[PDB]
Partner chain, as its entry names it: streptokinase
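In the form deposited without the partner chain, a lone chain appears below as structure tokens.
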């Protein structure tokens, strides 16, 4: 199984708050991060059999790796599928310049199956173009929209930083190591519970991980697009950690 190529073809959703319920296992890199009592609190992205990429703020207030478990291959949030892989975390690596991104080393390698496949990493320092339609997935808050309890997806366009940072929108808050995605009209967004999961953009024949869900001014509000850590600016760090640990 090559990276970024689901064995169930994803549904499109032109037009997680809003969006739609994903086809089961069409996002086989989506991870659920769980407390010791099994509560989902963040997403993550499998990027190789032993490594999950997530957001630093999902973990930083409880650094000990035994505090976390990783659920792979799931579609429902509760009452997990039978062949779901639950794997413990052996090591945690926070990004050294203190961006909102972090690596989890799994205590044993995930078994790569038709339901558990890594996303591809982008080219270093690639800047996803303005208006590129990408996909954001997770089990987070739906703000009254349908699909709570099931893996949801939002199809949202990238908004280039120079637009997103305008006074009327996020007013200078967005760093070059972040990107914006969403509809400025509002209505569709990642929300609480989605942090740490993927924003992927289809390129040629596979999905490339371009963002890590991070923050926003609320969710799905007009003029307030979601902010994601820009993965391409950390590919060298990610590959260094994986090769040396």
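Numbering follows the first chain given and starts at 1. Heads up, when I say rigid core I mean the largest set of C-alphas that superpose within 1.5 Å between the two forms.
Peer 1: Is residue 15 left out in a third or more of the other entries?
Peer 2: Looking at the other entries that model residues on either side of it, residue 15 is missing from at least a third.
Peer 1: According to the entry, are there none, 1 to 3, 4 to 9, or 10 or more residues of the deposited sequence without coordinates between residue 15 and residue 16?
Peer 2: Gap size class: 1 to 3 residues without coordinates, per the record.
Peer 1: Averaging only over Cα atoms, indicate whether 1-9 or 234-242 has the higher B-factor in the PDB entry.
Peer 2: Between 1-9 and 234-242, it is 1-9.
Peer 1: Of the two stretches 66-74 and 197-205, which shows the higher Cα B-factor on average in the entry?
Peer 2: Result: 66-74.
Peer 1: Highest Cα B-factor in the PDB entry belongs to which of 93, 126, 169, 139?
Peer 2: Among 93, 126, 169, 139, the highest C-alpha B-factor in the entry belongs to 93.
Peer 1: Maximum C-alpha temperature factor per the entry, among 111, 101, 148, 164, belongs to which one?
Peer 2: Highest C-alpha B-factor among the listed options: 111.
Peer 1: In terms of the chain's CA B-factor thirds, is residue 184 lowest, middle or highest?
Peer 2: Ranked within chain, residue 184 CA B lands in the lowest tercile.
Peer 1: Where does residue 107 sit by CA temperature factor within its chain: lowest, middle or highest third?
Peer 2: Its C-alpha B-factor, which the entry lists for residue 107, ranks in the highest third among residues of this chain.
Peer 1: Which third of the chain holds residue 21 when residues are ordered by C-alpha B factor: lowest, middle or highest?
Peer 2: Middle third of the chain for residue 21's C-alpha B-factor.
Peer 1: Can you tell me which third, lowest, middle or highest, the CA B-factor of residue 97 falls into for its chain?
Peer 2: Ranked within chain, residue 97 CA B lands in the highest tercile.
Peer 1: Could you look up the Cα B-factor of residue 156 in the entry and say which third of the chain it sits in: lowest, middle or highest?
Peer 2: Residue 156: CA B-factor falls in the lowest third of its chain.
In what follows, reference is made to the form solved in complex with the partner chain, a form of this protein that is not presented.
Peer 1: Counting only non-hydrogen atoms, which stretch in 104-112, 148-156, 86-94, 121-129 is within 4.5 Å of the partner chain in the deposited bound form?
Peer 2: Looking at the other structure, the answer is 148-156.
Peer 1: Are all three of 45, 49 and 117 close to the partner chain in the deposited bound form, meaning a heavy atom of each within 4.5 Å?
Peer 2: Not one of the three qualifies.
Peer 1: Heavy atom to heavy atom, is residue 235 within 4.5 Å of the partner chain in the deposited bound form?
Peer 2: Heavy-atom contact with the partner chain at 4.5 Å: absent for residue 235.
Peer 1: Does the partner chain get within 4.5 angstroms of any non-hydrogen atom of residue 65 in the deposited bound form?
Peer 2: It does not: once the partner chain is placed as it appears in the deposited bound form, residue 65 has no heavy atom within 4.5 Å of it.
Peer 1: Does anything in 111-144 come within 4.5 Å of the partner chain in the deposited bound form by heavy atoms, and if so which residues, in order?
Peer 2: Going through 111-144 in order - heavy atoms within 4.5 Å of the partner chain in the deposited bound form - the hits are 143, 144.
Peer 1: Among 142, 161, 85, 155, whose C-alpha is off by 2 Å or more between the shown form and the other one on a rigid-core fit?
Peer 2: Flagged residue: 142.
Peer 1: With a threshold of 2 Å on the C-alpha, tell me if residue 190 counts as moved between the shown form and the other one once the core is superposed.
Peer 2: It does, since the residue 190 C-alpha is displaced 2 Å or more between the shown form and the other one after the core fit.
Peer 1: Once the two forms are fit on the core, has residue 220 moved its CA by at least 2 Å between the shown form and the other one?
Peer 2: Moves: yes, 2 Å or greater.
Peer 1: So the Cα-Cα distance between residue 235 and residue 189 shifts by 3 Å or more in the deposited bound form; is it shorter or longer than what we see here?
Peer 2: The answer is farther, because the C-alphas of residue 235 and residue 189 separate from each other in the deposited bound form by 3 Å or more.
Peer 1: Would one find the Cα atoms of residue 178 and residue 217 closer or farther in the deposited bound form than in this form, where their distance changes by 3 Å or more?
Peer 2: Distance between the C-alphas of residue 178 and residue 217: shorter in the deposited bound form, by 3 Å or more.
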